[PDB]
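Because only heavy atoms are used, hydrogens play no part in the values below, and waters and symmetry mates are left out as well, while side chains stay in. Chain A is the first sequence line, chain B the second, and so forth, proteins listed ahead of strands; every chain is numbered from 1.
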Amino acid sequence: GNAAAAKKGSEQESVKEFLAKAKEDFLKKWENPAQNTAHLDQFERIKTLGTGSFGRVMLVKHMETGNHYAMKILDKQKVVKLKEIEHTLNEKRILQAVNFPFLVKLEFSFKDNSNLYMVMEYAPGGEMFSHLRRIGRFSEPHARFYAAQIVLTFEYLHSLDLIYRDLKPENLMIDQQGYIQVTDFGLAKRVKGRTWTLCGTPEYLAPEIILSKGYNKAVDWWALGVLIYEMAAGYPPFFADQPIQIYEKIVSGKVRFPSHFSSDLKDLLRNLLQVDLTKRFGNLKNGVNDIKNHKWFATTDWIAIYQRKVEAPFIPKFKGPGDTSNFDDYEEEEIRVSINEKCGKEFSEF
Amino acid sequence: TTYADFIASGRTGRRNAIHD
Ligand SMILES: CC1(C)CCCN[C@@H]1c1ccc(O)c(C(=O)c2ccc(C(=O)N[C@@H]3CCCNC[C@H]3NC(=O)c3ccncc3)cc2)c1F
């Protein structure tokens, strides 16, 4: 008992001081972002690892080092057209300012007449999504290894007044050591107080988002619950062929658990997936600590997860640099840069 | 079972976010 009360009552002082120093580092790069730290022709383009609304992420090779990265290429023109300037600007501004062991590191970013570019660390493990579906589901200890990384990641982002808004296996890359690197900060926003945009993945949307209520940090804790349920079950708690059926399941107030879920899991999950904001874990007087101290996390050495001293229960096949076996195949499109600058004013700060 | 209902649905693929 008493050794864990000196350990617990001291871990917390280290954490209060870690976070303060993290808020300073973040604020420095947030009030003064790095711009134009590379150029397109410095990388060879090999293969598409993924796509989104305005372009794609590609495996690329930096010719001076031969280091492989993942480059996100967005077409400025489609961004303007879809009225997402602000969201694309938040994404880069936030990635370039953040810093944590489970956040994808942004190395360089730049722009040319046509496109925006973000060059990030390559995670050759591919997305959690891909191994979750292949295998069916993860065991609770396997799910918990991942969940703990998400819990601390949000503790970080929320301390920075950030909200992530797109938790789901698709956005959780697996690195060479089997740990998580969260990507796709397209929906992230720095915010004190309330925000209103209806966005996110249907399955992971919190009720107060569906109901146009105006919402905060807490929608991320709802999402953590959806993630832990999907990881542990092989399917999400709310699904259906049409989104409008998903939304009504989410607001009904009601969830069913597989017979294989432990009681501790079910109880952690009943408190994350709580419609009543006064009752949802992550959102009470004690905050994240209600989740950390929950019985399901009894085996979790929170400090050892931060320091990556715990064994990943799943280290992927690593067939050397520049290999993409852990990724799906996509149609390739040639990158075309124009001789005319598009949307210069709209993207000045990028 | 709930797992067969899921596998037979159209939400087992890579999922896109919305923007209302
Ligand atoms: C938030 C949405 C998605 C809502 C719908 C409208 N567009 C929005 C939106 C907002 C910001 C954006 O930057 C974009 C994009 O255009 C965009 C463009 C490309 C990608 C993309 O390829 N990301 C891949 C694949 C999708 C799933 N997440 C994994 C991601 N891959 C990686 O990030 C990766 C990192 C490291 N090593 C390998 C891979 C994602 C988003 C974007 F589409």
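For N171(A), no part lies under 4.5 angstrom from a heavy atom of chain B. Of the atoms belonging to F239(A), it is side-chain heavy atoms, and not backbone ones, that fall under 4.5 Å from chain B. Proximity to chain B is absent for every atom of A233(A), based on heavy atoms less than 4.5 angstrom apart. Interface remark: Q242(A) contributes no atoms to any contact with chain B (heavy atom separation under 4.5 Å).
Summarising the geometry of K83(A) relative to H19(B), their closest heavy-atom pair is O-CE1, 4.1 Å, with the distance given to 0.1 Å. Minimum interatomic distance between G10(B) and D241(A) (heavy atoms only, all atoms of both residues): N-OD1, 3.2 Å. Closest of all the heavy-atom pairs between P202(A) and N16(B) is CD-O, 3.9 Å.
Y3(B) OH: 12 or fewer foreign heavy atoms inside a 6.0 Å radius. Atom NZ of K254(A) has 12 or fewer heavy atoms from other residues, nucleotides or ligands within 6.0 Å. Residue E332(A) places its CD atom among more than 12 non-hydrogen atoms of other residues, nucleotides or ligands, all under 6.0 Å distant. With a 6.0 Å radius and a threshold of 12 heavy atoms from other residues, nucleotides or ligands, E333(A) has its CD atom at or below the threshold.
Annotation: the span from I18(B) atom CD1 to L205(A) atom CG amounts to 5.5 Å, rounded to 0.5 Å. Taking CZ from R14(B) and OG1 from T51(A), the interatomic distance works out to 8.0 Å, rounded to the nearest 0.5 Å.
Checked by atom type and distance alone, the side chain of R15(B) never pairs as donor or acceptor with a backbone atom of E170(A) at under 3.5 Å.
Ring pair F6(B)/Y235(A) is tilted by interplanar angle, where 30° to 60° counts as tilted.
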